[PDB]
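Beneath this line is the structure, given in structure tokens, with notes to follow.
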Amino acid sequence: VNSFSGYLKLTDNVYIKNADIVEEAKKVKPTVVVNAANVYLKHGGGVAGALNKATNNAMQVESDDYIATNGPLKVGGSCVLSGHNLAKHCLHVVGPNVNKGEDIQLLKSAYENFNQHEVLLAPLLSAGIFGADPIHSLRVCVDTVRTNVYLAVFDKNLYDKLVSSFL
Ligand SMILES: O=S1(=O)CC[C@@H]1CNc1ncnc2[nH]c3cc(F)ccc3c12
Numbered sequence: 003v004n005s006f007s008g009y010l011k012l013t014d015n016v017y018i019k020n021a022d023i024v025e026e027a028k029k030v031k032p033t034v035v036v037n038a039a040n041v042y043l044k045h046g047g048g049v050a051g052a053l054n055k056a057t058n059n060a061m062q063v064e065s066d067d068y069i070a071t072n073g074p075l076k077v078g079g080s081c082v083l084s085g086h087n088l089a090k091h092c093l094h095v096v097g098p099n100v101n102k103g104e105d106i107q108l109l110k111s112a113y114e115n116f117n118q119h120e121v122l123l124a125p126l127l128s129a130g131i132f133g134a135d136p137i138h139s140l141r142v143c144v145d146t147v148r149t150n151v152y153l154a155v156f157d158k159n160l161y162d163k164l165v166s167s168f169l
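Residues in the sequence shown are numbered from 3 upward in steps of one, following the deposited numbering.
What follows is the structure, given as structure tokens:
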């Protein structure tokens with residue numbers, strides 16, 4: 003039993019809710035919140051900008067030190083950093099950004115990072131400003147993640163479309 007509330011169950015292990023991931027993280031305090039990161043951990047907009055703003059820029063400060071030490075992530079890769087006031091940990095995962103021409107097949111590799119964590123609060127990878135089709139992202143999620151994932155979809159119209167079209 004966990005504290006996630008109001009989710010629709012899609013499969014054995016995948017759940018979905020129309021929610022603001024920032025507000026959801028603030029209420030649940032999950033062990034892991036996933037950020038929709040880029041390789042430079044520059045949290046300027048989308049989910050990343052929202053999560054970073056909610057940490058009063060502490061996420062960005064920590065991220066800049068991470069990059070200065072380790073260099074950029076790979077597209078499809080991830081790193082674990084602090085969850086600050088939102089979660090115990092933040093799993094920064096880099097989905098391909100279609101608006102940069104990155105290969106969509108890397109979306110499966112990106113979701114594989116979730117399997118290293120038993121339970122996660124997450125957005126749909128490569129959705130929003132990353133330019134992928136969220137219906138496709140949900141399908142890859144369901145077919146790749148085996149651990150327990152609670153998906154927050156900010157846009158109510160999109161949430162209803164994802165549910166109604168789910169196979
Ligand atoms: O859901 S969508 O709009 C349709 C694709 C987008 C995915 N992005 C998100 N997914 C979940 N929670 C979220 N909270 C946010 C706060 C912001 F300021 C900007 C984006 C988000 C967001």
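Every residue, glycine too, gets a C-beta built ideally from N, C-alpha and C.
Touching by the beta-carbon criterion (3+ pairs, under 8 Å), the stretch 26-40 and the stretch 119-127: yes
Do three or more CB pairs link the stretch 8-26 to the stretch 151-161 at distances below 8 Å? yes
At 4 residues or longer, and completely inside the stretch 58-134: list those alpha helix (DSSP H) runs for me, N to C. 60-72, 108-114
Pair within 8 Å by beta-carbon distance, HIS119 and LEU83: no
Mind checking which residues open and close the alpha helix (DSSP H) that includes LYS158? 158-166
So for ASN54, helix, strand or coil by DSSP? helix
Run through DSSP, which three-state label would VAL151 get? strand
Check whether the stretch 10-17 touches the stretch 64-84, counting contact only when three or more Cβ pairs, one atom from each stretch, lie closer than 8 Å. The stretch 10-17 makes no contact with the stretch 64-84, as fewer than three CB pairs between them are under 8 Å.
Would you report the Cα separation of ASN58 and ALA112, rounded to the nearest angstrom? Approximately 27 Å between the Cα atoms of the pair.
For residue 1, collect the residues of the same chain with a Cβ closer than 6 Å to its Cβ; drop the 5 residues on either side in sequence, then sort them by chain order. Not covered by the structure: residue 1. The range shown for the chain is 3 to 169.
For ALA39, name the three-state secondary structure that DSSP assigns. In this structure, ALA39 counts as strand in the three-state DSSP scheme.
Where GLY46 falls, given that 16 or more other Cβ within 10 Å makes a residue buried: Per the 10 Å Cβ criterion, exposed.
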